Every structure is written in structure tokens, then in C-alpha cells.
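Inspection log for the structure reproduced underneath, given as C-alpha cells.
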Amino acid sequence: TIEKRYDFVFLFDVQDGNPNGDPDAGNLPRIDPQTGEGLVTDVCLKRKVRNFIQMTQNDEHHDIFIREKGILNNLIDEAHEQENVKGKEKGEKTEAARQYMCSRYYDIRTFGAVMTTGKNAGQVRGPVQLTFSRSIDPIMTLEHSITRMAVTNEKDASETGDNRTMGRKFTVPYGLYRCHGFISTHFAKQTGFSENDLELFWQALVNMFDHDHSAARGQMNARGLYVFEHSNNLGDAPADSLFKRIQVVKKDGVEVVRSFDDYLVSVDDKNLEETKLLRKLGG
Amino acid sequence: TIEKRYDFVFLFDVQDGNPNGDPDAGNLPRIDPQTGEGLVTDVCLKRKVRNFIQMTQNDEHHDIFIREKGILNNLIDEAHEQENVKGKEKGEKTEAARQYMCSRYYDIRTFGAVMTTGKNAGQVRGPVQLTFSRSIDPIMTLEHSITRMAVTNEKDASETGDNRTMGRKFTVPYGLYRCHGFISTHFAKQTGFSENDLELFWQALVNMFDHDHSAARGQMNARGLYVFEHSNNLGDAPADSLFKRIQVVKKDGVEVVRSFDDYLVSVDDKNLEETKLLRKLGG
Amino acid sequence: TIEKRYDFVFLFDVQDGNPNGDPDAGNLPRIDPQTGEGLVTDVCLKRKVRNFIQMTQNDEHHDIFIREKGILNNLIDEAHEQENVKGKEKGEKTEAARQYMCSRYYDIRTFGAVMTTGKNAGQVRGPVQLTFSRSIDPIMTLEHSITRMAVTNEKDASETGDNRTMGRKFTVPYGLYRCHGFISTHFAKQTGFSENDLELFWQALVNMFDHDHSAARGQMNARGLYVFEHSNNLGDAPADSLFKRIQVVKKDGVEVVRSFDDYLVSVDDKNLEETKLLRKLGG
Amino acid sequence: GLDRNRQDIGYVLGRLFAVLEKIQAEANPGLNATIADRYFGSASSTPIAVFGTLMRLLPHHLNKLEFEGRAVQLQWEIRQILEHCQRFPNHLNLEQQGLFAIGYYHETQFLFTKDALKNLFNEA
Amino acid sequence: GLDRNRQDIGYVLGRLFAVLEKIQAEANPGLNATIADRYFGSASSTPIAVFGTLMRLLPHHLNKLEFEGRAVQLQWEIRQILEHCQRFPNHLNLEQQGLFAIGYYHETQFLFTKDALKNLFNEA
Amino acid sequence: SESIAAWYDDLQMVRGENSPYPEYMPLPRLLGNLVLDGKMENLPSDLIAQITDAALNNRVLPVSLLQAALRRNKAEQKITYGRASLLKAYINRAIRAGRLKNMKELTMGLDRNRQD
DNA sequence: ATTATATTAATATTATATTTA
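As C-alpha cells, this is what we get:
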């Protein structure tokens with residue numbers, strides 16, 4: 002179980018593609034309406050970490066939460082028929098099953114999952130809780146509409162021989178999504194989030210943009226990862242100014258940004274040397 | 002099934018023509034609005050690879066995804082009436098049909114396809130996932146408007162004299178589209194992407210610009226292909242700096258670029274000799 | 002149907018006149034803005050080949066695509082009322098009509114045409130696909146403005162004196178347009194491009210600059226035609242270096258070029274003797 | 002329902018695309034695929050790539066018209082729109098992305114009218 | 002709606018093409034195919050190939066005018082535009098490609114006016 | 351029946367020819383467009399316990415109707431007869447009760463003006 | 001527990017000399 006507080010400043014961008022796209026709006030990434038800054042949900046990073054763990058582990062005591070056919074009720078029923086089948090008086094039986102799943106699953110240990118379906122077994126508050134990403138420069142939506150020379154269903158097929166199904170494939174030129182996140186210790190002591198799991202989560206956050214790739218997302222990479230390791234479980238200084246110390250603004254006289262040569266990540270670690278640490282894993 | 006990670010740096014240009022045209026803009030290639038760098042989608046390279054396979058194979062267990070006369074629903078129904086007609090309990094039946102299609106089709110094995118139409122059979126995550134290309138020097142659009150001495154339809158535009166239908170045929174003088182792409186292993190082990198299929202895909206990527214040609218695209222060629230072969234399935238170093246080591250900038254005191262004698266592909270393989278390899282297939 | 006790959010290096014110049022002139026710019030030939038090299042589209046060579054076939058054939062099974070008085074919809078409707086009027090189920094009916102037109106037309110068999118108007122009948126990918134020409138030495142535009150002693154329409158200049166209508170008639174002093182082109186075999190096997198049609202196309206490319214002449218284009222001739230006949234349908238070596246082996250640069254200490262006595266066509270067939278052939282038809 | 006003094010870049014850009022589409026439609030009634038069926042897909046995002054060819058094809062579309070005064074009126078309203086368009090931007094913001102279509106359909110409605118465009122042209 | 006001190010190459014190039022088209026239109030009202038119907042198709046991409054013949058035909062177009070002072074005013078505004086045009090570029094960027102048409106239609110609007118060009122010429 | 355008449359006139363929505371939905375929609379059938387799937391998961395304090403009281407007494411409709419109809423409209427990805435009429439009734443009652451200022455009351459047919 | 005499915009509008013902006021020891 003970990004005992005220190007970690008305030009990591011995850012920074013990641015996108016070369017050309019659709020990172021965290023919005024089902025609410027067709028196929029465009031989440032962008033700020035009033036300004037234009039791109040937004041990326043934390044569930045995308047969580048799924049990238051899960052895929053990295055699935056491809057760089059394959060062992061027990063670190064379940065990865067299977068895809069599609071993985072019914073949550075079936076997994077809950079399978080985890081219930083272990084040490085606390087019935088002889089535990091429902092109440093503490095749920096807590097025992099939750100502890101067993103935390104010791105067995107890695108997704109529920111690092112983040113969390115819903116285990117209150119049919120056979121209830123409590124819920125996990127979760128230690129590490131990432132936030133929604135947000136860029137600084139107002140990004141623009143390119144919208145790269147592409148075509149296909151093969152129809153899907155015969156009903157929507159044309160009355161001729163030219164069977165085409167176009168559509169749109171949105172893309173993004175740039176946008177350093179300044180992600181945020183905080184890690185607690187009280188819930189980590191209950192879920193069993195040890196330091197080895199924390200190091201594995203850091204390695205996943207660092208090297209998830211090298212394997213989890215597709216045609217819609219294109220090419221994505223992680224810039225830097227400045228973790229603010231504390232000293233105790235108390236609160237020294239508000240995290241607002243702590244995360245504001247690593248500001249990311251524009252460089253010289255430029256309108257937009259295209260790569261890392263147009264951003265100036267101002268890192269001035271001067272007032273955060275009281276009872277806090279600093280490490281660089283991605284940058 | 003492959004077991005190594007490949008980070009190829011595909012480099013290809015265009016002599017005179019329209020390479021990857023139209024993000025719904027008439028007939029112009031995809032160019033960066035803020036700067037002017039030309040962009041090429043990965044689906045063009047995928048279709049070139051498919052055409053190369055169709056013209057250099059003609060055998061079973063390597064389906065090429067037919068052109069206009071190929072309804073996806075009909076192909077899915079034909080692939081369903083094989084070994085898992087109904088006696089497989091829908092759930093695992095979809096996975097069995099997906100595995101059969103991966104062992105039979107080459108496009109879904111290397112890249113992927115939508116198999117969730119009428120008779121659903123799951124979906125393929127895809128191992129090899131190319132990205133959108135992007136040039137370095139801001140290219141310019143020539144717009145070579147040409148004419149025709151023969152009208153098409155019998156509308157009112159067909160004058161009594163010269164039945165002409167002009168239009169525009171866009172062209173590009175130069176632009177080394179610095180393409181990118183990553184290859185995974187976890188999905189390759191499920192789809193059956195063996196090393197022979199990987200070598201065939203490399204040969205296709207190398208020799209697709211010699212057969213797949215037209216009048217609109219003109220003459221296109223592939224410069225170099227530097228594949229970064231890893232050693233395991235884990236993540237050694239971020240791919241951002243790995244792809245940044247092979248930078249392509251301007252040469253001496255020149256404004257634009259016309260051919261290979263104006264570019265200086267700086268290749269300094271010095272820090273990538275830890276646990277990675279390097280090979281040259283196109284350059 | 003042909004089975005070999007042909008990479009011809011078409012070379013042709015212009016004595017005095019406007020070869021491939023640009024409607025986007027008044028009446029000047031297509032020239033490179035950044036440098037000054039003249040450019041010639043492939044449709045001009047295609048039309049010259051069509052005119053040569055029209056004047057050196059006059060027979061069936063080799064349609065020449067008529068000039069001004071040739072509506073494409075009327076020709077498509079005439080070709081539809083043959084063997085597949087309606088009893089063919091639209092889908093394969095389009096393919097049957099396309100095959101019939103390929104066996105009947107020569108322009109669609111060698112190059113291609115749009116047959117997707119009213120009565121759709123598919124489209125032809127086309128085997129032989131020429132590219133846009135480009136010279137080496139930066140040519141200069143002469144602009145030979147000439148006059149006329151006879152007015153055309155009753156405009157505002159035909160007053161009392163000599164009714165004159167001048168204008169400009171652009172000319173070019175020299176410029177060996179290094180044309181390029183590739184021939185495939187997969188599409189040739191479907192369109193029926195036999196070896197006799199290939200020989201006819203070669204003869205047309207050789208002897209099209211002797212009949213197709215006018216006052217605007219002046220005098221044009223074809224220098225040489227080095228066809229790179231392969232051995233199979235696969236890809237041996239990239240065509241970039243193959244076409245770069247026949248370089249055309251300046252001779253001795255001269256600024257520009259006026260005729261063939263100022264160019265030095267360096268032909269060193271040394272490394273192309275692996276699995277390829279070489280023939281000379283025009284030079 | 003049209004604001005000609007909004008001083009918004011998206012408004013004037015959309016109005017320009019609308020009058021361009023109107024001119025192309027007036028050039029030939031039997032038109033199958035207009036510019037809106039291809040050029041509008043990237044007009045609000047990459048205007049500097051589509052509006053160049055648009056202005057290149059505009060004079061030929063005006064000459065294709067059977068009436069020469071109609072082309073004069075169309076060019077006049079084009080310039081009255083582009084008065085507030087000091088420059089063609091690289092990419093439009095989300096607000097400007099919406100204002101593009103807003104001005105487009107507003108100018109289309111203002112053009113497809115009985116006595117309106119000619120009435121505004123008479124007071125010039 | 003015209004910025005004469007923008008110091009942009011596309012702006013002055015478009016203004017020059019606009020005044021050239023205005024001069025050609027003023028040379029003869031019964032003009033069928035103007036320069037914009039042929040020269041504008043490659044004016045923003047290859048200006049060094051079209052603007053040469055444009056400057057070659059400019060003096061004859063000015064001499065074709067019935068009024069000699071009009072040609073003087075047109076040459077004056079041509080040079081006032083080309084003041085910021087230090088050189089004719091090979092090819093314009095996308096931003097410059099848009100600024101070409103921007104300045105073109107801005108100068109066309111500024112020219113097709115009652116009292117504006119002559120008022121600016123009087124203060125010189 | 352003045353409260354019922356006002357509630358059904360505020361619930362009066364556009365209907366096409368040969369429509370299965372009646373001129374006046376039942377209250378459980380109307381709430382079924384706001385529940386999860388079956389008319390049983392509604393909130394027994396602000397939905398099936400307060401909407402009936404607000405309709406049978408011509409009271410003010412709560413914002414819970416707005417939010418539930420919005421969630422089920424952008425969730426089911428379609429607006430059938432039931433959710434739009436409820437929102438129209440809410441807007442009309444908020445205009446009539448001062449809980450809505452800049453906007454105005456809606457009519458049965460399509461309002462081609464509105465300017466909202 | 002659907003509906004529906006055929007074309008608005010189109011005729012001319014502007015147009016008179018910088019500077020010359």
C-alpha cells in the first residue's frame with residue numbers, strides 16, 4: 002500500500018487523427034464551445050493503460066477486465082464462488098468479496114468498477130482518479146472526409162454498380178491536452194494499491210501511446226509527466242497553484258502550434274521544494 | 002504470429018498529380034491550412050497495398066476485399082455458412098467467425114474491416130495501424146485546369162458548337178509526405194499476423210507506387226522505409242523521439258524543393274542501438 | 002492480354018509553338034513557377050494517339066471516341082442496347098457492358114473513360130496510365146503576339162478604320178519534356194489489352210507528332226522512347242532509380258538549349274539487365 | 002433576416018459561398034453536382050484552399066450567365082459582402098464555424114427573393 | 002473596406018489584378034471574355050507568368066480608353082498598390098492565396114464607386 | 351376539469367394522419383418516454399408522485415420534467431410523441447407562471463417565426 | 001407505435017492628367 006500523495010501533470014498531444022471523440026456529436030473530438038480547446042476524457046487513458054497491462058502481463062492477481070463478451074454479472078458470480086460463498090452474513094460478505102476482487106483485479110485496484118449488479122459486493126472508491134484533459138491553444142477541427150469503394154448492406158447500395166459509402170473521418174492537427182490527476186492514500190490502503198502497482202501504472206501512462214493505436218486516432222504521443230510526490234497523507238498546499246506552476250503557453254510571435262517546437266513548457270520548480278518531490282518519467 | 006514491434010518511417014513523395022485528394026474540397030489534396038504541408042491519408046496506402054496483393058497473389062487464405070462488385074453483407078453471409086453455421090451459441094460463434102475471416106482475409110488480418118452488419122461476427126482491432134502522412138516543406142497547389150472536346154450529358158449546357166466540358170485537374174509539384182505507423186503484437190497474435198504476412202506487407206509498401214498509378218495521381222514514388230524492429234512486446238522508449246531521430250528538413254539556401262537533390266534526410270542511428278534494430282527496404 | 006510490365010521513358014520537345022497550353026492562364030504553356038521547367042499533360046498525348054488511331058484504322062472493335070459530335074450518354078445508350086439490354090440483373094450487367102465496351106473501344110481499353118452517366122455500366126481502372134511531362138532546363142516564354150486584319154463580332158473596336166483583332170499567340174523555343182508512364186497487367190487482363198493493342202499504342206506514341214499538328218502548337222517531335230520491359234507481374238526494383246538511370250542534363254558550357262545538339266542524353270544501361278529488357282522505338 | 006454590418010469573418014465567408022453557389026446554379030439550371038456538393042465540406046475549415054478556386058471559377062460562371070447585368074449585380078453584392086472580409090483566415094473558430102453556415106443560408110434566402118437584391122443594388 | 006498599408010504580397014497582387022480587370026472592362030463595354038475569365042485561373046499560383054503579359058497589355062488597354070486622365074489615375078493607383086509589392090513571387094502560400102482574392106475583390110469594390118478613387122488621387 | 355383541460359391543451363402537440371398516438375396521451379404512457387425502459391423506474395417523489403399533482407391541479411411543472419425528457423431524447427436518439435408535448439406543456443406553464451421571461455408560449459402547429 | 005416523395009431566380013457596379021531646374 003502506498004503512503005505518499007502524487008499529483009502528476011500528464012501532458013499528451015495528437016499528430017493527426019481523432020483522439021477522444023464524442024458520440025454526442027457524430028465523430029468529432031470533444032472541444033470547448035466558447036473557446037476552442039480540445040478535451041479528452043480520462044476513460045481513454047484508462048483503457049489505454051488497461052490494454053498496455055493486457056499486452057504486458059498475462060498473469061493472475063492482476064485482472065485486466067476483458068472486452069466485449071466479458072459480462073460483468075458473470076465475472077461477479079465467478080468471483081463470488083470463492084472463499085465467501087454464503088458463510089459470511091451478506092454485510093461483511095460484500096466487503097470480503099470487494100477486497101478479494103481488489104487483490105485479484107488491477108483495474109478496480111487502480112481505478113474502479115461497478116460491482117453492485119445482481120450479487121452485490123460493495124463498491125470501490127478508487128485511489129487514483131484521473132480527470133478530463135484540456136488543451137491551451139484553441140484547436141481547430143479539420144474534418145477529413147474520406148470515401149469507400151465498397152457498400153456495406155445491399156439495401157443502401159446504389160441502383161447501379163458504383164457501390165460507395167463515404168462519410169467523414171475527423172482529424173486534429175495539434176493540441177497538447179494538459180491532463181490532470183490526483184492519487185489518494187486512504188482508499189489505496191483499503192484496495193491494496195502497493196508501490197509496485199503504482200510503478201506499473203506510471204509505466205503504462207508513459208508507454209500507452211506507443212501500442213494502443215488505430216486509424217481514427219492516428220498518431221498520439223505523451224509529452225511529459227511531472228509527478229508531485231508528497232511526504233505525508235495531509236494537505237500542504239492547494240493543488241491549484243501546484244498545477245499552475247507548470248504552465249504551458251505560446252512561444253514567440255505565432256498564431257497556432259504544430260509540434261513541440263512551438264510550445265514553451267515553463268517549468269520553474271522553486272516554491273514546490275518545501276515538503277514535496279519531483280520526478281520526470283515521460284519528459 | 003509476429004512477436005516484435007515495428008516502427009516504420011514511411012517516406013514518399015509525388016512528382017506531378019493529385020495524390021490523396023479531397024477532404025470534401027472539390028479535387029485538391031489535403032493540405033495544412035495554417036501552414037501549407039500536404040497530408041495523405043493512410044487509406045490510400047492501404048488500397049495501394051490491397052491492389053498490389055490482388056495483382057501479385059491470386060490464391061486462397063489471403064482474400065483481397067473485392068472492389069465495387071463486393072457487398073460486405075454478402076461476403077459476411079458467405080463466410081458465415083462455413084464451420085459455424087448455427088451450432089456455436091452466438092457469443093463464441095462471432096469470435097469463431099472472426100478468427101476464420103482473419104485466417105482467410107488478408108486486409109482484415111493486416112488492417113481491419115467492419116463485420117458487424119446483419120449477421121454480426123465481432124470486430125478486429127487490427128495489428129498494423131498506419132497514420133496520416135504529413136510533409137515538412139509547405140507545398141503549393143498548382144491547379145492544372147484542363148479541358149475536354151466532348152460533352153457528357155445532353156443537358157442545356159451542351160452548346161450547338163464545341164461540346165466542351167472543362168473542369169480542373171489539380172497537381173502537386175513536390176512534397177515528401179513523412180508517413181508514420183506502428184505495429185502491435187497482442188492483436189497480431191489473435192488475428193494470426195505471421196511473419197510471412199509482415200514480409201508481404203513490407204514488399205507491398207515498398208512496391209505499391211510502381212503499379213497503382215492513374216492520370217489524377219500522376220507519378221508517385223516511395224523514398225525510404227526505416228523500420229524500427231524492437232526486441233520484446235514491452236515499451237523501451239517513447240516513439241516520439243524515435244521518429245524524431247530521422248528528421249527531414251531543407252538542404253542549403255533554397256526556398257522550396259523539387260526532387261531528392263534538395264532534401265537532406267538526416268539519419269543518425271546513434272541512440273537507437275539499445276534494444277532495437279534498423280533495416281532499409283525502400284531507401 | 003499482355004503479361005509484362007513496361008516503363009517507357011517518353012522524350013519529346015517543341016520547336017516553336019504552344020504545346021500543352023493552360024486555360025488557367027490565358028494561352029501560355031504549363032511551366033514550373035518556382036523554377037521554369039515546362040510541363041505537358043498526358044491528355045495531349047492521349048488525344049494525339051486517338052487522332053493517329055482515327056486516321057490509321059477506320060474499323061470496328063477499336064472505337065476512337067468521336068470528337069465534338071459525340072454525346073457520351075448517347076454512346077452509352079447505344080452500347081447498352083446490345084447483348085445485355087435488361088436480362089442481366091443490373092449488378093453483373095454493368096460489368097458485362099464494361100467488358101463489351103472494352104472489347105469494342107480502344108480509348109477505354111488503353112486508357113479509360115467515364116461510363117457512369119445515366120445508364121451506369123461501371124468504370125475502367127485502365128492499364129496504361131501516362132503521367133504529366135516535365136522538362137529539365139528552365140524554359141522561357143516567348144509570347145509572339147500577332148494581329149489580324151479582320152474583326153470577328155460587332156464589338157466596340159470595329160469602328161471606321163482597319164477592323165483589327167490582335168491578341169497573343171504564345172511560343173516556346175525549346176524544352177525536352179521528359180515524360181513518364183507505367184503499364185500494368187492486372188487491369189490489362191480485365192480490359193483485354195492484348196499485345197497487338199500495345200504495339201499499336203507504341204506506334205501511335207512514336208508517330209503522333211507527325212500528323213497531329215496545328216498553328217498554335219507549331220512543330221513538335223518525339224526524341225526517344227526507351228521502354229523498360231519487365232519479366233513478370235511482380236516488383237523487382239523501384240521505378241524511381243529505373244527512370245533516373247536515363248538522365249538528361251546540359252552538355253558543355255552553354256546557358257540554354259536550342260536543338261538536339263545541345264543535350265546529352267546519358268543512357269548507361271548497366272544495372273537494369275537483371276530481369277528487365279530494353280528497346281528503342283523513337284530514338 | 003440578414004446582417005450585412007456584423008463585421009464577422011464567418012458571416013461574410015458564408016455569404017460569399019452562398020452567392021458563389023447561387024451564381025453556379027444560375028449558370029445552368031440542369032446542374033447535377035454543384036460546388037456545395039463538394040466545396041462546402043471544407044469551406045468553413047480550410048477557406049483559403051477552396052475560395053481560391055472559387056474566385057478562379059467565378060468569372061467563368063459570370064460569363065456563362067445569359068444576362069450580363071445579372072453578373073454585374075452578383076459581383077456588386079459579392080464585393081459588398083467582402084467589404085467586411087479583411088483577410089481569408091486559415092481556420093475558423095467554432096463560433097465562426099457556425100457563423101459560416103448562418104451567413105451562408107441568410108445570403109441564400111436574401112438572394113432567392115423577388116425584389117431585394119436589385120433593390121439594394123439600385124441604392125449604390 | 003480596403004487596407005492599403007497591409008504590406009501583404011497577396012493583397013497587393015489581388016489589387017493589381019483587380020485594377021487590371023477594371024481597366025480592361027473600361028477599355029470596351031462590349032467585352033465577352035475578360036482577363037478574369039482566363040488569367041485569374043492561375044494568377045494566385047503562377048503570378049510571374051500571367052502578370053508579365055498583364056503588364057505588357059496594360060499600356061495598350063490604357064491607350065484604348067477614351068479619356069487620358071482616367072488612364073493616368075489608373076496607373077497612379079496601380080503604382081500606389083505595387084508600392085508594397087517588392088517582388089513578384091513564384092507561388093503564393095495558402096494564406097497568400099486567400100489574400101489574393103481578398104485584395105482583388107476589395108480593390109474592385111473600391112474602384113466601382115462614385116467619389117473615392119479620384120478623391121484619393123487628388124491627395125497626391 | 352379546468353386543470354385537466356389546461357394540462358392537455360398545453361400537451362397538445364402536432365399529429366400526422368393515421369397516427370397511433372391519440373390526441374390526448376395517457377399520463378403513464380407519457381411518463382414511459384421518460385423512464386429507463388418500462389414505466390416503473392420513474393422517481394416516486396418528483397415524477398409519478400408530483401407530475402400527476404401538478405397536472406391535476408394546474409400547478410407549475412418541475413424542471414425534473416425538462417431534465418428527464420432531455421436525457422431520454424438525446425439517449426433514445428429520437429423524440430416520439432410524449433416527450434416533446436411534455437416540454438411544450440412545461441414551457442407554456444412556466445410562461446403562464448412567470449418562470450420564463452424572454453421566451454413565449456408555444457402553439458399547437460409549427461411556429462415559423464418564434465425568433466428564438 | 002406512421003407520416004413524406006418533385007425547382008426559389010436571374011438584365012450593367014464604374015469611367016477625366018501624378019510630375020518635370
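Residue numbers (PDB author numbering), protein chains in the order written: chain C, 2 to 284; chain A, 2 to 284; chain D, 2 to 284; chain J, 2 to 125; chain I, 2 to 125; chain H, 351 to 466.
For every residue, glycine included, the Cβ atom is placed at its ideal position computed from N, Cα and C.
- Query: Taking Cβ positions, are A:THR111 and A:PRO128 nearer each other than 9 Å?
  - Reply: By 1-based counting over the second sequence, the position of residue 111 of chain A is 110. By 1-based counting over the second sequence, the position of residue 128 of chain A is 127. Yes, the Cβ-Cβ distance between A:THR111 and A:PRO128 is below 9 Å.
Whose C-beta lies closer than 8 Å to the C-beta of A:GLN55 among residues of the same chain, with five residues either side of it excluded? In the second sequence, residue 55 of chain A corresponds to position 54, counting from 1. Result list for A:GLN55: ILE65, in chain order.
**Q.** Extent of the continuous beta strand (DSSP E) to which D:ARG224 belongs
**A.** Walking along the third sequence from the start, residue 224 of chain D turns up at place 223. Segment 220-228, the beta strand (DSSP E) holding D:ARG224.
Could you check whether the Cβ of I:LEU59 sits closer than 9 Å to any Cβ belonging to chain J? Position 58 of the fifth sequence holds residue 59 of chain I. No - not a single Cβ of chain J is within 9 Å of the one on I:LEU59.
Using a Cβ-Cβ distance under 9 Å, would D:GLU144 count as near chain I?
-> Working through the third sequence from its first residue, we reach residue 144 of chain D at position 143. It does; some Cβ of chain I falls within 9 Å.
Give a yes or no on whether 9 Å exceeds the smallest Cβ distance from J:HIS62 to chain A.
-> Along the fourth sequence, read from residue 1 onward, the residue named residue 62 of chain J stands at position 61. No - not a single Cβ of chain A is within 9 Å of the one on J:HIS62.
- Message: By DSSP's criteria, D:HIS145 is part of a beta bridge. Which residues make up the other side?
- Response: Within the third sequence, numbered from 1, the residue matching residue 145 of chain D stands at position 144. In DSSP, D:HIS145 forms a bridge with D:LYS170.
Requested in this report: Put C:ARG179 into one of helix, strand or coil per three-state DSSP.
Outcome: Reading the first sequence from its first residue, position 178 is the one you call residue 179 of chain C. DSSP places C:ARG179 in strand when its eight states are reduced to three.
| message | Measuring alpha carbon to alpha carbon, tell me which residue in A:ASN197, A:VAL152 and A:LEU73 is nearest D:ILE77. | response | Along the third sequence, read from residue 1 onward, the residue named residue 77 of chain D stands at position 76. Here the closest residue by C-alpha is A:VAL152.
Checklist entry - Can a CB atom of chain D be found closer than 9 Å to the CB of A:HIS63? => result Against the second sequence, residue 63 of chain A aligns to sequence position 62. Output row for A:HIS63: interface = no.
Self-check item: Separation of D:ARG259 from D:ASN164, as counted between CA atoms
Solution: Your numbering for residue 164 of chain D matches position 163 in the third sequence. Your numbering for residue 259 of chain D matches position 258 in the third sequence. Approximately 37 Å, taken between the alpha carbons.
For this session: Determine which residues share a DSSP beta bridge with A:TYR106 and list them.
Result: By 1-based counting over the second sequence, the position of residue 106 of chain A is 105. Paired residue(s): A:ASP64.
Taking a Cβ distance cut-off of 8 Å, strictly less, list which residues of the stretch 28-43 of chain I are near chain A, in chain order.
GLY42 and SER43
Next on the checklist: For the pair the stretch 114-134 of chain A and the stretch 87-101 of chain A, tell me if three or more CB-CB distances fall below 8 Å.
Outcome noted: yes
Subject >> Below-9 Å beta-carbon distance, residue 311 of chain C vs any chain A residue >> reply: This structure leaves residue 311 of chain C out entirely; chain C is present only between 2 and 284.
*Could you check if C:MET102 is buried or exposed, using at least 16 other CB atoms within 10 Å of its CB as the buried criterion?*
Reading the first sequence from its first residue, position 101 is the one you call residue 102 of chain C. By the neighbour-count rule (16 or more Cβ atoms within 10 Å), C:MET102 is buried.
- Query: So, J:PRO48 versus I:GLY99, is the Cβ gap smaller than 9 Å?
  - Reply: Position 47 of the fourth sequence, counted from the start, is the residue given in the question as residue 48 of chain J. Position 98 of the fifth sequence, counted from the start, is the residue given in the question as residue 99 of chain I. Yes, Cβ-Cβ distance for J:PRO48 and I:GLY99 is below 9 Å.
J:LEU95: contacting residues in chain C (beta-carbon distance under 7 Å)
As a working mapping, residue 95 of chain J is identified with position 94 in the fourth sequence. Chain C residues near J:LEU95: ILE32, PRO34 and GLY37.
Of all the CB atoms in chain J, is at least one closer than 9 Å to the CB of I:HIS85?
In the fifth sequence, the residue the question calls residue 85 of chain I occupies position 84. Chain J, which has no Cβ nearer than 9 Å to the Cβ of I:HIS85, makes this no.
*asked:* Assuming A:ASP237 is part of the alpha helix (DSSP H), what are its boundary residues?
replied: The sequence position of residue 237 of chain A within the second sequence is 236, counting from 1. It is not in any alpha helix (DSSP H) - A:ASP237 carries neither H nor E in the DSSP assignment.
Exercise. Sorted by chain position, which residues of the same chain lie with C-beta nearer than 8 Å to A:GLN220's C-beta, five sequence neighbours on each side aside?
Worked result: What you label residue 220 of chain A is simply residue 219 of the second sequence in a count that begins at 1. Taken in chain order, the residues that qualify are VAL15, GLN16, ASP17, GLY18 and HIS214.
- Going by CA-CA distance only, name the one from A:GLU230, A:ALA238, A:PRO30 and A:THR192 that's closest to C:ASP211. Within the first sequence, numbered from 1, the residue matching residue 211 of chain C stands at position 210. Checking every option, the nearest Cα to that of C:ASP211 belongs to A:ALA238.
* Asked: Are three or more beta carbon pairs between the stretch 135-149 of chain C and the stretch 176-187 of chain C nearer than 8 Å?
  -> yes
Check your understanding: What three-state label does DSSP hand I:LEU93 in the structure shown?
Key -> Working through the fifth sequence from its first residue, we reach residue 93 of chain I at position 92. I:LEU93: coil per DSSP, three-state reduction.
Considering only residues of the same chain and omitting the five flanking positions on each side of H:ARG449, which have a CB-CB separation below 7 Å? Numbered from its first residue, the sixth sequence carries residue 449 of chain H at position 99. So the qualifying residues of the chain are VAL410.
key: Residue from C:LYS271, C:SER104 and C:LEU226 whose Cα sits closest to the Cα of C:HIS62   = To locate residue 62 of chain C, count along the first sequence from 1; it is residue 61. Comparing Cα positions, the closest option is C:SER104.
Any beta carbon from chain D within less than 9 Å of residue 1 of chain I's own beta carbon?
Outside the modelled stretch of chain I, which goes from 2 to 125, sits residue 1 of chain I, for which no answer is possible.
- request: Determine the chain J residues that contact A:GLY27 at a beta-carbon separation under 8 Å, and present them in chain order.
  value: To locate residue 27 of chain A, count along the second sequence from 1; it is residue 26. What A:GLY27 touches in chain J: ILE36, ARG39, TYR40, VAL51 and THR54.
- Contact between the stretch 10-27 of chain J and the stretch 35-43 of chain J: three or more CB pairs below 8 Å? yes
Between which two residues does the beta strand (DSSP E) holding C:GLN248 run?
The residue labelled residue 248 of chain C in the question sits at position 247 within the first sequence. C:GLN248 -> beta strand (DSSP E) spans 247-251.
Point to revise | Contacts that J:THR47 makes with chain A (C-beta to C-beta distance below 7 Å) | key: Your numbering for residue 47 of chain J matches position 46 in the fourth sequence. Under the 7 Å cutoff, chain A gives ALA26 and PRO34.
Report task. Please classify A:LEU46: does DSSP put it in a helix, a strand, or coil? Result -> For the purposes of this step, residue 46 of chain A is identified with residue 45 of the second sequence, where counting begins at 1. A:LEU46: helix per DSSP, three-state reduction.
- Find out if the Cβ-Cβ distance for the pair D:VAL228, D:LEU282 is shorter than 9 Å. Residue 228 of chain D sits at position 227 when you count from the first residue of the third sequence. Residue 282 of chain D sits at position 281 when you count from the first residue of the third sequence. Yes. Within cutoff.
Notebook entry, point to check: What residues are listed by DSSP as bridge partners for D:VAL255?
Noted result: Indexing the third sequence from 1 puts residue 255 of chain D at position 254. Partner(s): none; D:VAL255 has no beta bridge.
- List the residues that DSSP assigns as beta-bridge partners of A:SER134. As a position in the second sequence, residue 134 of chain A is number 133, starting the count at 1. Paired residue(s): A:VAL41.
From D:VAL249, D:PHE13 and D:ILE67, residue whose alpha carbon lies closest to that of D:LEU46: Numbered from its first residue, the third sequence carries residue 46 of chain D at position 45. Nearest C-alpha to D:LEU46: D:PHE13.
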